Each structure stands twice: as C-alpha cells, then as structure tokens.
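Participant: A single structure is presented below for examination.
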Amino acid sequence: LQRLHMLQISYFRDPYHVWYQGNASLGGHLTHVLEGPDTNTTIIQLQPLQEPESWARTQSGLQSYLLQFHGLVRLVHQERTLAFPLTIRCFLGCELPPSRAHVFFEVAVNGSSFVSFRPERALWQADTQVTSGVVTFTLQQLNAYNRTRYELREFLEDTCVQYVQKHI
Ligand SMILES: *[C@@H]1O[C@H](CO)[C@@H](O[C@@H]2O[C@H](CO)[C@@H](O)[C@H](O)[C@H]2NC(C)=O)[C@H](O)[C@H]1NC(C)=O
Ligand SMILES: *[C@@H]1O[C@H](CO[C@@H]2O[C@@H](C)[C@@H](O)[C@@H](O)[C@@H]2O)[C@@H](O)[C@H](O)[C@H]1NC(C)=O
C-alpha cells in the first residue's frame with residue numbers, strides 16, 4: 001500500500017515536563033524525526049518534501065498538536081491522578097490501496113494498549129480491559145469535543161491522505 005505512518009513516544013517524568021521522540025515513514029522510508037523536550041521540540045523533514053511555506057504550516061500544526069496532547073495529559077492527571085514517570089505511545093496514519101483510505105490512531109500507556117480512534121463514527125474506544133477512572137475520564141474528554149473527533153478525522157482522512165498522494 002501507499003502509507004504514511006507517524007509514531008510519537010512521549011516520556012513524562014512529571015505532568016509538566018515531557019520528552020518527545022518520534023518519526024514518520026512514507027512508503028516505508030523514514031521521512032521525519034521528532035525529538036526533544038516539550039519546550040523546544042525539534043521537528044525536521046529529512047528530505048525537503050514540503051516547500052518552506054507548506055513546511056512552516058505543517059510544523060506549526062504539529063507543535064499545536066503537541067500542545068494539545070500535553071494539555072490533555074495534564075488535565076487527566078489534574079482530575080484523576082496519573083502515576084509518573086510514564087510513557088505514552090501514539091501510532092497513527094493513513095493507508096491508500098492501489099479512492100478509499102484506511103486511517104488509525106492508537107494510544108498506549110507504559111507499553112499497554114490504552115485507547116484508540118474509531119474513524120467510522122469519529123469516536124475513541126477503550127483498548128484495555130482494565131477499568132479505571134483514568135480511561136473513563138480520558139475517553140469522556142476525547143469524545144466530548146470536535147477537536148478530538150471530527151477535526152482529527154479530517155487530519156487522518158484528508159491531510160494525511162493528501163500528503164501521501166502528493167509525496168509518495
Ligand atoms: C509506568 O511505569 C513506571 C515504571 O517504568 C511506573 O513508575 C513506578 O511506579 C511505582 C508505583 O508508583 C513506583 O514504586 C516506582 O518507583 C516507579 N518507577 C520509577 C522508575 O520511578 C509508573 O507508575 C507507570 N505508570 C503508569 C502505569 O501509569
Ligand atoms: C532544549 O532545551 C534544553 C533545556 O534548556 C535549558 O533549560 C532552560 C530552562 C533554560 O535555562 C535554557 O536557557 C537552557 O538551555 C537544552 O538543554 C537543550 O539543549 C535544548 N535543545 C536544543 C536542540 O536546543
């Protein structure tokens with residue numbers, strides 16, 4: 001298939017300080033690397049697939065995503081008390097056959113599947129059998145707002161797909 005996969009590992013020492021490590025692969029080729037603390041994260045395209053204006057917008061959007069991602073983790077901790085240190089893994093992307101696209105967004109915590117995005121209804125589901133205040137609250141937050149439902153679905157089904165179509 002024609003695919004863009006994105007992987008984000010987030011190392012939280014505490015609610016306020018996170019180290020990001022991640023990357024993206026297009027057609028099985030490493031294309032982007034993400035690394036560093038939340039206050040000065042480095043994001044590069046390894047090959048200049050996007051021109052500067054397009055790349056600047058993409059970088060701005062990624063940074064906005066990280067701000068939202070970190071804000072959500074802080075909120076869950078604030079309301080339900082997370083155990084630190086912890087690592088979060090987000091694995092997401094889109095896959096185009098040789099019109100329709102398969103998209104996915106899976107979240108794991110400390111290496112165990114936690115929640116994932118079901119794009120059919122733009123809803124997050126529990127990926128664990130373990131019941132907890134944390135999973136219920138996180139799902140409630142993720143499912144309460146357009147930004148984490150339909151806006152994320154647009155990113156996967158439109159932004160990601162058009163990126164694969166333009167650059168593969
Ligand atoms: C994620 O895993 C880390 C260990 O890698 C957990 O941290 C441990 O938490 C227990 C209980 O609070 C402490 O006794 C240990 O000292 C901690 N380890 C370290 C290295 O500090 C953390 O609680 C886990 N977080 C989850 C499961 O959400
Ligand atoms: C990212 O930032 C790291 C931390 O910055 C340091 O701490 C802050 C609080 C300020 O005192 C600042 O002046 C310090 O430099 C750096 O250690 C690291 O090198 C930075 N990464 C890059 C790529 O610049």
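Ligands are numbered from 1 in the order shown, chains are lettered A, B, ... in the order of the structure tokens, and residues start at 1 in each chain.
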So that I can check the surroundings of residue A:82, please list as JSON, numbers by chain every protein, DNA and RNA residue that reaches within 9 Å of it, counting only C-alpha atoms and ignoring chain neighbours fewer than 5 positions away.

Facilitator: {"A": [15, 73, 74, 76, 77, 134]}

Participant: Put those residues in a file: N, CA, C and O atoms, as a PDB file, in the first residue's frame.

Facilitator:
ATOM      1  N   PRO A  15       3.932  15.778  35.331  1.00  0.00           N
ATOM      2  CA  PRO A  15       2.901  16.318  34.430  1.00  0.00           C
ATOM      3  C   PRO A  15       3.392  17.420  33.523  1.00  0.00           C
ATOM      4  O   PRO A  15       2.888  17.558  32.395  1.00  0.00           O
ATOM      5  N   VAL A  73      -2.946  15.411  28.759  1.00  0.00           N
ATOM      6  CA  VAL A  73      -2.306  14.614  29.798  1.00  0.00           C
ATOM      7  C   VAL A  73      -2.322  15.364  31.117  1.00  0.00           C
ATOM      8  O   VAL A  73      -2.598  14.787  32.177  1.00  0.00           O
ATOM      9  N   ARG A  74      -2.022  16.662  31.084  1.00  0.00           N
ATOM     10  CA  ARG A  74      -2.043  17.418  32.322  1.00  0.00           C
ATOM     11  C   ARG A  74      -3.450  17.418  32.916  1.00  0.00           C
ATOM     12  O   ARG A  74      -3.622  17.283  34.133  1.00  0.00           O
ATOM     13  N   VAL A  76      -5.920  15.151  32.552  1.00  0.00           N
ATOM     14  CA  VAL A  76      -6.236  13.840  33.117  1.00  0.00           C
ATOM     15  C   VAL A  76      -5.563  13.671  34.470  1.00  0.00           C
ATOM     16  O   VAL A  76      -6.192  13.242  35.446  1.00  0.00           O
ATOM     17  N   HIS A  77      -4.272  14.028  34.559  1.00  0.00           N
ATOM     18  CA  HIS A  77      -3.594  13.963  35.846  1.00  0.00           C
ATOM     19  C   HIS A  77      -4.281  14.852  36.862  1.00  0.00           C
ATOM     20  O   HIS A  77      -4.502  14.450  38.005  1.00  0.00           O
ATOM     21  N   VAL A 134      -9.027   6.738  35.082  1.00  0.00           N
ATOM     22  CA  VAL A 134      -8.237   7.387  34.053  1.00  0.00           C
ATOM     23  C   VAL A 134      -8.784   7.089  32.661  1.00  0.00           C
ATOM     24  O   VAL A 134      -8.938   7.999  31.836  1.00  0.00           O
TER      25      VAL A 134
END

Participant: Can you tell me which residues surround stretch 148-155 of chain A at a distance of at most 8 Å, considering only C-alpha atoms, apart from same-chain residues fewer than 4 positions away, and format the answer as a list in words?

Facilitator: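 Close residues of stretch 148-155 of chain A: residues 119, 122, 123, 124, 142, 143, 144, 159 and 160 of chain A.
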
Participant: List the spatial neighbours of residue A:107 as a ChimeraX atom specification - criterion: any atom at most 12 Å away, only C-alpha atoms, same-chain residues fewer than 5 positions off excluded.

Facilitator: /A:6-10,69,87-92,112-118,124-128,135,138-139,142

Participant: If you count only C-alpha atoms, which residues fall within 12 Å of residue A:70, apart from same-chain ones fewer than 6 positions away, as a list in words?

Facilitator: residues 10, 11, 12, 14, 15, 16, 17, 18, 19, 20, 37, 38, 39, 63, 64, 76, 77 and 88 of chain A

Participant: Name all residues at most 8 Å from residue A:2 (count only C-alpha atoms; drop same-chain ones fewer than 3 positions away) and give them as JSON, numbers by chain.

Facilitator: {"A": [26, 27, 95, 96, 97, 98, 164, 168]}

Participant: Output the selection as a PDB file, in the first residue's frame - N, CA, C and O atoms for each residue.

Facilitator:
ATOM      1  N   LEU A  26       7.049   7.303   5.127  1.00  0.00           N
ATOM      2  CA  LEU A  26       6.199   7.368   3.957  1.00  0.00           C
ATOM      3  C   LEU A  26       6.682   6.311   2.979  1.00  0.00           C
ATOM      4  O   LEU A  26       7.873   6.263   2.662  1.00  0.00           O
ATOM      5  N   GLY A  27       5.783   5.424   2.567  1.00  0.00           N
ATOM      6  CA  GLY A  27       6.177   4.302   1.734  1.00  0.00           C
ATOM      7  C   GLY A  27       7.270   3.440   2.320  1.00  0.00           C
ATOM      8  O   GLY A  27       8.063   2.877   1.570  1.00  0.00           O
ATOM      9  N   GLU A  95      -3.498   4.868   5.020  1.00  0.00           N
ATOM     10  CA  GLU A  95      -3.055   3.862   4.061  1.00  0.00           C
ATOM     11  C   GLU A  95      -4.029   3.840   2.895  1.00  0.00           C
ATOM     12  O   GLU A  95      -5.240   3.698   3.101  1.00  0.00           O
ATOM     13  N   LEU A  96      -3.496   3.995   1.684  1.00  0.00           N
ATOM     14  CA  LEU A  96      -4.235   4.115   0.429  1.00  0.00           C
ATOM     15  C   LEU A  96      -4.002   2.888  -0.435  1.00  0.00           C
ATOM     16  O   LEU A  96      -2.841   2.572  -0.727  1.00  0.00           O
ATOM     17  N   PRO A  97      -5.032   2.133  -0.806  1.00  0.00           N
ATOM     18  CA  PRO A  97      -4.842   0.998  -1.711  1.00  0.00           C
ATOM     19  C   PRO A  97      -4.377   1.464  -3.081  1.00  0.00           C
ATOM     20  O   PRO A  97      -4.281   2.676  -3.335  1.00  0.00           O
ATOM     21  N   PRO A  98      -4.060   0.527  -3.996  1.00  0.00           N
ATOM     22  CA  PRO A  98      -3.745   0.886  -5.387  1.00  0.00           C
ATOM     23  C   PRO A  98      -4.930   1.506  -6.127  1.00  0.00           C
ATOM     24  O   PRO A  98      -4.821   2.657  -6.551  1.00  0.00           O
ATOM     25  N   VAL A 164       0.205  11.745   1.416  1.00  0.00           N
ATOM     26  CA  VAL A 164       0.643  10.527   0.731  1.00  0.00           C
ATOM     27  C   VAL A 164       0.494  10.681  -0.777  1.00  0.00           C
ATOM     28  O   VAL A 164       1.402  10.345  -1.554  1.00  0.00           O
ATOM     29  N   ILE A 168       4.282  10.541  -2.286  1.00  0.00           N
ATOM     30  CA  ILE A 168       4.780   9.163  -2.322  1.00  0.00           C
ATOM     31  C   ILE A 168       5.481   8.827  -3.640  1.00  0.00           C
ATOM     32  O   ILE A 168       5.387   9.564  -4.622  1.00  0.00           O
TER      33      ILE A 168
END
